[PDB]
Every structure is written in structure tokens, then in C-alpha cells.
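K.L.:
Experimental coordinates follow, after the sequence.
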Amino acid sequence: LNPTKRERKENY
Amino acid sequence: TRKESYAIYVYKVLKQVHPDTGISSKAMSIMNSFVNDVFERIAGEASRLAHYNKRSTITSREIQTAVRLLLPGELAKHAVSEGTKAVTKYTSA
Amino acid sequence: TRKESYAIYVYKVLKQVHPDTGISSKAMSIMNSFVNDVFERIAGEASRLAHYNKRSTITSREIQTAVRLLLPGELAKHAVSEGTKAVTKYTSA
Amino acid sequence: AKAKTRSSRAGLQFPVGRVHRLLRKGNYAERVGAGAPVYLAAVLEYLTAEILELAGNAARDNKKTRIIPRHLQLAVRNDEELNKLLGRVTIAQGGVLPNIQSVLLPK
Amino acid sequence: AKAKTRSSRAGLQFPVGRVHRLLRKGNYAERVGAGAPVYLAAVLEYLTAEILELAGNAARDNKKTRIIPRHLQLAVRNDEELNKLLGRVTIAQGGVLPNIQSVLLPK
Amino acid sequence: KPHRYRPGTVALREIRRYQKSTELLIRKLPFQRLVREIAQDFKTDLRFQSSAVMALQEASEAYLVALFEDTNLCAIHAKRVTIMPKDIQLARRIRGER
Amino acid sequence: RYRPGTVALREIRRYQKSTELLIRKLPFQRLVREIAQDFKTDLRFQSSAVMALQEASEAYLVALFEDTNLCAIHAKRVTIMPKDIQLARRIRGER
Amino acid sequence: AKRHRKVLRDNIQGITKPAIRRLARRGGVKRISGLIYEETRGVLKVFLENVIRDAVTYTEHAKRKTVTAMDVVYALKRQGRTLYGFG
Amino acid sequence: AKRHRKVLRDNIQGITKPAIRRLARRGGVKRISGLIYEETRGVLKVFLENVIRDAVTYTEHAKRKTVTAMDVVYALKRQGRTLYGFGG
DNA sequence: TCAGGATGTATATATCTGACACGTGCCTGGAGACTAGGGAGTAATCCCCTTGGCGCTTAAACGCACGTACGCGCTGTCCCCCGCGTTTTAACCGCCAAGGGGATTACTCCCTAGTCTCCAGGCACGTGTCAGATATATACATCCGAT
DNA sequence: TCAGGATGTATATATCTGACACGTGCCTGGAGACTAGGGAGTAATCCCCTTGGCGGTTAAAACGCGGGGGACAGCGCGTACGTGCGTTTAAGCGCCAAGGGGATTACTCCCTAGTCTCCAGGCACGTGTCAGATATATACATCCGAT
């Protein structure tokens, strides 16, 4: 299903 | 001398993802060790998987199954999708 | 339909330590699984040791060091002593 | 004829000949297929890209333009999936993730 | 001529030909020595004999003349040595060795 | 008045009668129903053997007994004698499962 | 001067930012040699080996102290004690 | 009106209060709280999910449709908790 | 009367009280009892004993007399605490 | 404190079954040639590690002294959890039907791997640069504790 | 509360040393035959597992109640930790001396493995049984809740 770009983190 | 590294490939992927950053030597060694560790994990799982089925050939099927067994959650799905993409492109070309 | 097993051998061993007791079948399966597990552990450690030192062969030195490095201390002492005496008897005879 | 590498014709960047060589001379199985090196190279490339992107994010979050083991530690431990995959590893010179228990703070 | 089994020659009980075949077929390495099967057979024989001795002692202490998984569990857990060797293992139908925290007991 | 034991003695008798037997403490049919319900996890309609479910129940009960032992120790650590969900959570976190 | 605990929170902030080594180098290296004396006489050690040993030891002790702190907080306290550290180790399958 | 199910309380409720209490007694606890019976169901369901996930992956690779005791044993050994006995 | 080496200090006490406190703060604690020092010294000694035993076993198998960092990494990974950075 | 109950713990006994003994067929471990390549011994060459020291800088570690706040013990007071009796219902066998799934045991055969021979492009190593990240100072802003 | 301190916190500068780019060669991956054996597909057989339903026994499980004792809240209190200041002391950093340890790097051979070729004899499987582990009952002796 062409999985792309998952729950990329927000800050650090 | 003549020790294989993966360093140039890691740097290539880095310059693809973030084409303005760099890697210190310690970070590069850590990343190389990570690649080697995950490689040996996948290969060992595939070896045991083939041995369990009275099979004497490592192939893409149990490479995929070992990936699915070790990588957790979304990592497994994305990695499997990318691996299938690469292998189909290779066979087609 | 021939399934290899260690039941005959562990029974021969049992009938010389306790020459009167028996053993149930479930306990027999547990012992067979235990022997398989220990064999796999020792063989895998010896294989990794051979890989580390660029050796292409497994021999008594790697088996002994795998034993001394897996079994805890006091047990390993007797294990290596008995292994060595058996190997010397085999070579002499 | 002119030779083009399996890495290139597969679309990847990680080496495929080297992976095939290791799989063969690694005592993993008697005989090795011809798609397994490609699949393995793709997976290794994906994981490397993922962790490197997180590390770069952290490095720019600290106003720096070179990833260091501290940023590797920070990215790995802040992403939960990579944290589970690398749960038992200890990145050297990585420090620790900042955390103070709520009870310990003053009233 | 006349056959002399390696198990007989070494004086062991466990097979040595079978162990040799397992080493040569589990692709642990490319070439196995000639003393490795003997050493491995002796080590396995020793461990089996020792655990069986402990199990038989427990069986007698329980007034039984046949080893059972409960007796194996008791033999393993009661000594600080096979307990450490078999740390992560759960012996089926084993149960637990009995103990109660002294705090729980009455006055 | 009829004989009635003080709170605690029946519990101690149960402890010392369950730390001595070896049977299964979760009922087989409920456990199997739970397993097959979960088994829509990464597949769809499946067939289970019997040894598979028996092994799964063995491992499950061993895990739960170990967890309860660690929980008991945690509860005793707070100068308390009742196990609590906070004890479960602490014991399961220190081991590395949470 | 400062109310108690202020310097403690300050030091926690200090030491969770840094990535340096915390045990002195030469005392730990001497301890390593002394404790490795008994297993076999006349062993050499290279600096990278000793450094890896120190990294492992520091990581282990830091994780242990986190577990101990969590145990102490569980018992309605803020001071850690040998009871806490013993519970933390024994619940991890070490003791 | 009644062709709809309206039945089958959750299967996790099949792990009953006295079964949890028997497990607790074999663990060696004397006095139990009242929310243990929910926390333990949660942890049990998580553990079963993980083990069954690995076993089903092994079964699918083997290209079967039957989960075998050996598949379960392999899954447990991969998770790091070996099981002597079955297989 | 000092031809002998009467002067000497124990090695485990080289792990100083403030070093224990620095480790404790990085862990994130706020108050430390008086016996944490001795208990920590004991725990560290046991851990080092195990790891160094396995490393020395590797080195003496390889027919050497130097414990290499890669041997220490092997021993540590065998214990189950894989370490990234020192090669391998 | 002593007599009054409920509960394992031994005792002896008829029953079930599942370990143990025995005989056969089959396969695989052993004897015996042949060979080739892995490893053991040798012997250069360079770099690191050891064990004694010596002299110097400079922070940490140690010790000492108020002096709080918190760990601990007591008391109180609920309230929640255990013990026990009473129903009832869900597990647990036993059944029934048909068919599919999975293991073996042969046969067959394509095709896809290993095995070689050449041969050039990777890629690793040794160099020579620049710029990203310190370290100081330096002024700024920004909690914290006592009047 | 507010002004007095103390402490991170941005900011500009100079240093540097570590990351990056560049040329060489040599070694390994790629192209190209050649081949054999592993694995896919097929057929036959038998045992296990499914789905829907039924009937029965009988222990566990659910529920309610009452009463105690264990939990959690407060109240002192008297330590035992903290914080701060002064001062040694040791870590770290350099330097000296000579070796041995070790890791390539490059030939040589011996010998000890793998490979094949029969060929008996270990071992797994399918048959009995009978001895050990059951469940039964009973007498007992042995802790537990009220004087």
C-alpha cells in the first residue's frame, strides 16, 4: 500500500 | 589494512536525506556498528528460518520474514515495502 | 518417519547413576529438549569463536572454550576435565 | 560488454556485491539466492536513512551541523520504535535522556 | 575389518557419529575437527548425568521411583548452579519451589 | 458461634497448597477462546493444534506467576501487605517491559 | 544559604545535560587491573578496552540508579537506601 | 429483535477472579486488592499478543495455515523465554 | 620500620563518594543515604568481575596476552549488553 | 492456659496404564583409499604496552559545623477486603457429519545456484586543506530566599 | 512583595583540529559459459482440525454479609541528611628508558580434513506385559481460635 513517512518526531 | 567499512554508503544516504550536515568519526563508527549488528541479526534469523524448514537456501522470502520478525511495528511495514520495491525494480531492470 | 532422539542415550546414562529408578515420557522429552538446547548453545558459541579468529574449522579447543565460557564456573571445571579425559582416551585408543 | 553494478540497477545505494559476499562466506546457509542481497541492502538502507534523519533533526534542534553520538542517543531514545529495536544497546558517549520525576520538584 | 564405534573407543555413552553429523550438517563451520564430537559428547554426557543424579535424589526424597517434571524442576531450582545455567527456561509442568515471605507469617 | 478462621490463615493454607502442586490454574476452554480471539492479530482464519495451545498456556502461567512474585516483593518493600496496581506497574517497568 | 534540594535539582539538570565520564579515569583503570589480576596473571590492557569497560560500567550504574530511585519513590520517600537498590537488582534477575 | 447477538462478554473476562487469585497464591501473596483483576488481564493480553504475533509470522512463512507447537516454541525462544517440554 | 609496604589504600574505595553522587544525579535522585556508597561499590565489583572473566576467557582462547577492546565488546555482547562505538 | 475443632499426614488397598523388554529392517556410521588446501612453523617490520620512576597544575575530595526537613514511631479511624454460606452455570467430557490441511513417500524435470575464467571499475588508503565547534570573557535575563 | 544575590544564558573572537575532497592501485564484483542437483508440481494415504449442533455431571464461580485489621491521615521529634567553607591530595599531564606482544606479509609443506565406495550392525518402530502411581477410605497427630 506504499507506506510512507510515519509518525516523525516533533521537537528535541 | 583494507578493512571494509560501510562508511561511504552511510555518508551517501546522509547526503541524500539531509544535504547540509555531517558526521563525526565516533558517530560514523557507531552507525557502522549498528548496520553490522542489524545485518547479523537479520542473517542469523534467516539462517535459522531456513534450517527450520529443511531448506538449504537463503532467499528473499525468509529475508522478508526475518525483517518482519525483528523490526517492530511501522518499521517492519516500511522496510518490507521498500525491500519489495527494490527487488522488483532489480528483476525488471 | 525416523525421528532422531537422545532417549536411548540418556536412559543408558540414567541406568548407571541411579541403577533402579526410572523416568516418565514427559521427563524424557524435557531431557531431550535440554540436551538439544545445550548442544545448540555450545555449537553456536564455538562457531562464533571460529569466525572471530578467522579459523575455518571447529575443534576441541573451541569446544572447550565454549564450555568454559557458557557453563558457570564450578560446573565448567568438571565439564572440561571430563571432556579432556574422554578426548585423550579416544586419541590414545 | 559494459558492466553496471547490481546496486545501480536495483536503485539502491548500499552495496549488493558486498552483502552477497558476506551472506555466502558467513556460514548462514549452504547456498544463497539472488534476490536476498538486494532485499537486505534495501532494508539496511531504509533503517540507516530513518535513524540519520532523526539524528539530523536533533542536531539542528541544538543549532549544530554535525551529528554526534549525543544526537544519535537523543533521536534513538525519543523515537519509541527505534527505542524498542535498540532497547538493549548502549550508544557510547551518548549521555542520558533528560528526566526529573514530578514528585521531586519543589512545591 | 571389525568396526569399533567412536563412542566405545572414547568410553562415552552418547553417540559420537551422530554428533559429528549434526556438526557437519548444521553448517556451524566449514570443517569440523576429529576431537570436537568426542569433547561435545563427553560434555553433554556429564551434564545429563549430573542433572539426572539430582533429579533421582529428589525423587527418592519424595518417595517415588520415577523421575517426573516436578522432580526435574526441584533439582534445577534447588542448587544455585543449574538454576543459573537454566535461568530463562520454563520447565513445563514444573511448578515452583515453595517459599513464603517471613513478613506474611503470623506472630 | 461457629468456628471461623481469622483473616489470613485460609490465605496461607492456599499459598502452601498451591506452591506444592503442578496443575494448570487457568481453565483450558476460556484460555483457548482468548487465544483464538487474539489470533486475528496478523492473519485471519487459522487452525490451531492442541499442543500449541497447551504450550502457550504453560508459558503464560509461568510469566504471570513470576510477575506476581515480583509484585509481592514490591508490595512488601513499601511496608505493606496488599498488592496494588502500582506494584504491578513498578515490577513490570523495572524488568523492562514498559 | 540555599534551601535544601535546590542544589540537588540544579545538579540533576547539570548531569542529565552532559555526556562526559563520571568516574575518574585512573582509579577505575587501576580497579580493572586489580580485579582482573586473579583470573590470570600478566594480562595487558589497551586503552580502548579499558574505555569500553568504563562506558559499560557507567551505563549499568546509571540505569541501576534510575531503578533504585523509582523504587524509593514507590515507597513514599525521596532518599534511596540499600533496601531500594537490593530490590531493584533482585527484581531484574541479577541477585 | 433477537437475531442480533447481545451476548459474549469479552473473552478476557474468562480469566476469572479466582483464577487470578490462584495465580497470585502460587506466586505467594496473602492479601489482594481489587484492581489487580484488571491490571493482570491487561498484561496477559499484551503478552499473548506478542507471542501469537511471532508464532503466526513463523506459520505464514512456512506457508501453512496451522499454528504448530514448534512454531509457538520458536516464537517463545525468539522472545527470550525458552520452553522445555512440547517439542 | 617501613621497609615493607604498610602504606596502601584499597582499590574499590577509589570510586569516590562524589563520583557515586554524580552517577546518582545523572540517574536523577535527590537524596542519598550513607550505605549507598558501599552497596554501589559491591555491585560494580560484581559486574566488573563477570565481564572481565568472559573477556579474559576470549583472549586466552585466542592465544594472546592482551585484552582487546573488541574482545571486551564480545564479552559484553555475550552478557547481553551490546555496545556501539568501539568497532564491530 | 487449657480443652474443642478442622486439616493435612500418614496408613493400607484395588486399579490403570505406560515404562520397560524384545524382535526386525533399514539406513548410516565405520573401514579403506585418495587428495588437496588449511593451518602450523619461520622470519622481517613497525607500533603499542609494561614497569619502574621524576616534576607540576589545579580542581575535587575530605573534614567540620550548623541546622533544617523528613524518615519513623504512635494513634486514630475508617473502609475495604477476607472468610463463609448459597445458588447456578460453564467447563468438561462424550458425540456427529464431511471435508480440508499437512506430513510422508515416491518420480520428474526445469532452472538456477555454484564453479571456472578474464577483466576492468569499485573503494580503501595516504595526502592536504578549511570551517564548525569550542573556550573565554562579557553583558543580560532570570528564579530564589529573607526582610 | 521587593530588592540582593546567584545562576544560567546569549554573543563576539580566536584557535584548532577534525571532516572532507582528491589521486592510485589492487583487489574484488561483473560478464560469460557449463553444469548438476535442489526445489516446485504432481499423485497417493492417513491422521488431525474445523463448524455447527446436542446431552450431562458437577465443581468452581458469582453474590451477599459481617466484621476485623490493615491502609492512610495527622502529630511530634530527633535524627541524619543537606549546604557551605577551608584545605589537603590525588588525577592528569608531560617525559625517560628498554624490552616483548602482536599484526601483517610472504613462502613452504605436512597432515588432516573431505569425498567416494561398500558393508555390516546401531537404532527406531511396532509388538507385549507388569510394576508404579494413582485414586480410594480411616486413625491420627497436629496448629488454630477462645479461657
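P.N.:
Perfect, I can see it now. Residues are numbered from 1 along each chain as shown, chains lettered A, B, ... in the order given.

K.L.:
Just the buried positions in the longest helix that chain H contains, please.
P.N.:
The longest helix of chain H (DSSP state H) is helix H:36-61. Buried residues in helix H:36-61, counting neighbours by 16 or more other CB atoms under 10 Å in any protein chain shown, are found at H:36-37, H:39-41, H:43-45, H:47-48, H:51-61. No exception for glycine: its C-beta is placed from N, CA and C like everyone else's.

K.L.:
Just list what the helix or strand where residue F:16 lies packs against, helices and strands only.
P.N.:
Per DSSP states H and E: residue F:16 is located in helix F:9-18. For helix F:9-18, the packing partners by 3 or more CB pairs under 8 Å, 6 or more residues apart in numbering or on different chains; DSSP states H and E come out as helix H:17-27.

K.L.:
For chain A, give the residue positioned nearest to chain I.
P.N.:
Among the residues of chain A, residue A:12 lies closest to chain I, at 19.1 Å counting by CB to the nearest CB.

K.L.:
Now do that residue: how many residues are near it, please.
P.N.:
As a burial measure, residue A:12 scores 15 neighbours (other CB atoms under 10 Å in any protein chain shown).

K.L.:
quick one: it is in a strand?
P.N.:
No: counting by DSSP: H, G, I helix; E, B strand; the rest coil, one finds residue A:12 to be coil, located in no strand.

K.L.:
for it, what are its contacts?
P.N.:
D:57, D:58, D:61, D:62, D:74, D:75, D:78 (CB atoms under 8 Å, 6 or more residues apart in numbering or on different chains).

K.L.:
From residue E:81, how far off is residue F:14?
P.N.:
Applying CB to CB, to the nearest Å, the value for residue F:14 to residue E:81 is 32 Å.

K.L.:
And residue F:62, by the same measure?
P.N.:
Residue F:62 is 21 Å from residue E:81, by CB to CB.

K.L.:
what's the answer for residue B:92, then?
P.N.:
According to CB to CB, residue B:92 stands 59 Å off from residue E:81.

K.L.:
the more surrounded of the two?
P.N.:
Set side by side, residue B:92 and residue E:81 show more neighbours around residue E:81, with 16 against 7, by other CB under 10 Å.

K.L.:
can you tell me the residue of chain F closest to chain A?
P.N.:
Counting by CB to the nearest CB, chain F gets nearest chain A through residue F:42, at 15.1 Å.

K.L.:
ok, how many other residues are close to that residue?
P.N.:
Count around residue F:42 with other CB under 10 Å applied: 15.

K.L.:
these two touch, right, it and residue H:50?
P.N.:
No: if you go by CB atoms under 8 Å, residue F:42 and residue H:50 don't touch, sitting 11.2 Å apart.

K.L.:
quick one, phi/psi of the residue nearest to residue B:5 when sequence neighbours are not counted?
P.N.:
Spatial nearest neighbour of residue B:5, excluding adjacent residues (CB to CB, 6 or more residues apart in numbering or on different chains): residue B:32 at 6.2 Å. Per-residue torsions, residue B:32: phi -60, psi -40 (degrees, to the nearest 10).

K.L.:
quick one: secondary structure of the residue most central in space within chain B?
P.N.:
Centroid check for chain B by CA atoms, centre = their mean gives residue B:39 as the closest residue, at 5.7 Å. Classification of residue B:39 using three-state DSSP returns helix.

K.L.:
For it, give its distance to DNA strand J.
P.N.:
14 Å (CB to the nearest atom of the strand, to the nearest Å).

K.L.:
My guess is that residue contacts residue D:40. True?
P.N.:
Yes: contact status for residue B:39 versus residue D:40: in contact at 7.1 Å, counting by CB under 8 Å.

K.L.:
Can you check which residues contact both of the two?
P.N.:
Jointly contacting residue B:39 and residue D:40 under the rule CB under 8 Å, 6+ apart are residue D:19.

K.L.:
Quick check: residues of chain B near chain H?
P.N.:
Neighbours of chain H within chain B, by CB under 8 Å from any CB of the partner chain: B:45, B:49, B:52, B:53, B:61, B:62, B:65, B:68, B:69.

K.L.:
In helices only, show me the residues you listed.
P.N.:
Cross-referencing these against helices under DSSP H gives B:45, B:49, B:52, B:61, B:62, B:65, B:68, B:69.

K.L.:
which one among those gets closest to residue C:26?
P.N.:
Closest approach to residue C:26 among these (CB to CB): residue B:52, at 23.5 Å.

K.L.:
What is the burial count for the residue nearest to that closest one when sequence neighbours are not counted?
P.N.:
The shortest distance from residue B:52 to any non-neighbouring residue, by CB to CB, 6+ apart, is to residue H:74 (6.8 Å). As a burial measure, residue H:74 scores 21 neighbours (other CB under 10 Å).

K.L.:
Could you say which helix or strand holds residue H:74?
P.N.:
helix H:69-79.

K.L.:
quick one: strands adjacent to the following helix or strand past that helix?
P.N.:
Note on helix H:69-79: by DSSP H and E, the next helix or strand toward the C-terminus is strand H:83-84. Sheet pairing of strand H:83-84 (DSSP bridges) gives strand E:90-91 (parallel).

K.L.:
Would you mind listing the outside residues contacting the strand it pairs with?
P.N.:
Against strand E:90-91 from outside (CB under 8 Å, 6+ apart): C:30, E:69, E:72-73, E:76, F:58-59, F:62, H:81-85.

K.L.:
And those residues, which is closest to residue D:23?
P.N.:
Residue D:23 lies nearest to residue H:82 out of the contacts of strand E:90-91, by CB to CB, at 27.6 Å.

K.L.:
who's in contact with the residue of chain H found nearest chain E?
P.N.:
Nearest residue of chain H to chain E, counting by CB to the nearest CB: residue H:85, 3.0 Å away. By CB under 8 Å, 6+ apart, the contact set of residue H:85 is C:26, C:29, C:30, C:33, E:69, E:91, E:92, E:93, F:55, F:58.

K.L.:
these two touch, right, the fourth one and residue H:84?
P.N.:
Yes: using CB under 8 Å, residue C:33 is in contact with residue H:84, at 4.4 Å.

K.L.:
Which one's more surrounded, these two?
P.N.:
Set residue C:33 next to residue H:84 and count neighbours by other CB under 10 Å: residue H:84 wins out with 24 against 21.

K.L.:
So which bits of chain H are right by chain B?
P.N.:
Within reach of chain B by CB under 8 Å from any CB, chain H has these residues: H:54, H:57, H:58, H:60, H:61, H:62, H:70, H:74, H:78.

K.L.:
who wins for neighbours among the ones in helices among the residues of chain B next to chain H?
P.N.:
residue B:62 (26 neighbours).

K.L.:
hang on, isn't that residue packed against residue B:48?
P.N.:
No: at 9.2 Å, residue B:62 does not count as touching residue B:48 under the criterion of CB under 8 Å.

K.L.:
Could you list which residues are in contact with residue H:70?
P.N.:
Contacts of residue H:70 by CB under 8 Å, 6+ apart are B:52, H:87.

K.L.:
go with 10 Å
P.N.:
For residue H:70, the contact set (CB atoms under 10 Å, 6 or more residues apart in numbering or on different chains) comprises B:52, F:49, F:51, F:52, F:55, H:55, H:58, H:59, H:62, H:86, H:87.

K.L.:
Residue B:55 now?
P.N.:
B:49, B:61, B:62, D:29, D:30, D:31, H:62.

K.L.:
and the fifth one, how many neighbours?
P.N.:
Yep, that's residue D:30 we're talking about. A total of 13 residues lie near residue D:30 under the criterion other CB under 10 Å.

K.L.:
Quick check, central residue of chain D?
P.N.:
Most central in chain D (CA atoms, centre = their mean) works out to residue D:48, at 3.4 Å.

K.L.:
quick revisit: most surrounded residue in the contacts of strand E:90-91?
P.N.:
Going by other CB under 10 Å, residue E:72 tops these with 30 neighbours.
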